[PDB]
Amino acid sequence: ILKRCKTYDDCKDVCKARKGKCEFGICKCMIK
Amino acid sequence: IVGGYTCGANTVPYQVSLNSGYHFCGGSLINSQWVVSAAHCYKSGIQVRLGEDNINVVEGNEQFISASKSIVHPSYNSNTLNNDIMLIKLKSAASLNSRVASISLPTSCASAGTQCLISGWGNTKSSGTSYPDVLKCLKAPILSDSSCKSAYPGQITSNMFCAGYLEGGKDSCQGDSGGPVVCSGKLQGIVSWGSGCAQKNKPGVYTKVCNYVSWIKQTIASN
Ligand SMILES: [Ca+2]
């Protein structure tokens, strides 16, 4: 998936409980 | 898509863009009223954009149709990514033509070694983030389950397959999720997940559509 973020908390909607990071402006929790 | 090529306008007429204010996932048109995508692409208020090439410019073949229903597989697991499939019903039927057309569902599963076409508007960089304007395409083979499980120990279910290149450099990426993997004219995969993009020994993982043909048919009927 493409979801922009500034911090990983911004990724909660798309990443749910998955571990990951906000990097290069986007959510990185393996899903595309 | 990393390491791919420009498809050419409307040469993948079943490819759709899912838009919730911006492009976030792909999908595949399977009939005039229904789109297959990934369960993790679910959001409320999805607008399906058909007939797109340049997703930033109005070129004259677009149909923008909101989802009336987004039916995630009831057994989708957002932790394991098992059953990562969703059906979107369009609020109204799309007009089918040369540039907006459906893709056939498989009657049997594909085999390792078969070449497939993967497409999308996702990131084109293995390091960093780009956003292409026009649709990108990649030819990639289905990989053995053994190499898939070696690349992703403990993570590959019967509803997933790997496709791509263990050497790296060619893969689907963020923004491609939900889009098509088409092999011998059949929608065999949905872009799902991977460890980064185009990394050595981390090929893309795809939802195995052939395991869901019955569910797709019953969901269309139920809605
Ligand atoms: Ca356009």
- Query: Can you give me the relative contact order of chain B as a percent, contacts being Cα pairs under 8 Å and 6 or more apart?
  - Reply: 25 percent
- Label the stretch B:35-157 by shape, choosing from rounded, prolate and oblate, from the square roots a ≥ b ≥ c of the eigenvalues of the Cα gyration tensor; if a/c is under 1.5 it is rounded, and otherwise prolate applies when a/b is larger than b/c, oblate when it is not. prolate
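List the GluC sites (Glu not before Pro) within the stretch B:1-69 that DSSP assigns to loop and that have no more than 15 neighbouring Cβ atoms inside 10 Å.
Values: sites: B:52, B:59, B:62; in loops: B:52, B:59, B:62.
For GluC sites (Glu not before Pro) across the stretch B:1-69 that sit outside H, G, I, E and B with at most 15 neighbouring Cβ atoms in 10 Å, the list reads B:59.
Ratio of alpha-carbon Rg to the 2.2 N^0.38 Å globular estimate for the stretch B:106-207, to two decimals, please.
Working: Rg = 12.5 Å, N = 102, 2.2 N^0.38 = 12.8 Å.
Its radius of gyration relative to the 2.2 N^0.38 Å reference: 0.98.
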- Run through all the Cα pairs of chain B and give the fraction in each 10 Å bin from 0, expressed as whole percent. 9, 38, 38, 13, 1
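What order do you get for B:107-113, B:137-143 when each peptide is scored by the mean count of other beta carbon atoms within 10 Å, highest first?
Highest mean packing first, the order is B:137-143, B:107-113.
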- the stretch B:1-69 to chain A: how many Å between their Cα centroids? 21 Å
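Let me know the whole percent of all Cα-Cα pairs from the protein assembly as shown that are separated by more than 33 Å.
Value for the protein assembly as shown (Cα pairs over 33 Å): 9 percent.
We place every Cβ from the backbone using ideal geometry, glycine too, and count neighbours over all the protein chains shown. Just so you know, all these numbers are worked out from the coordinates, no wet-lab data involved.
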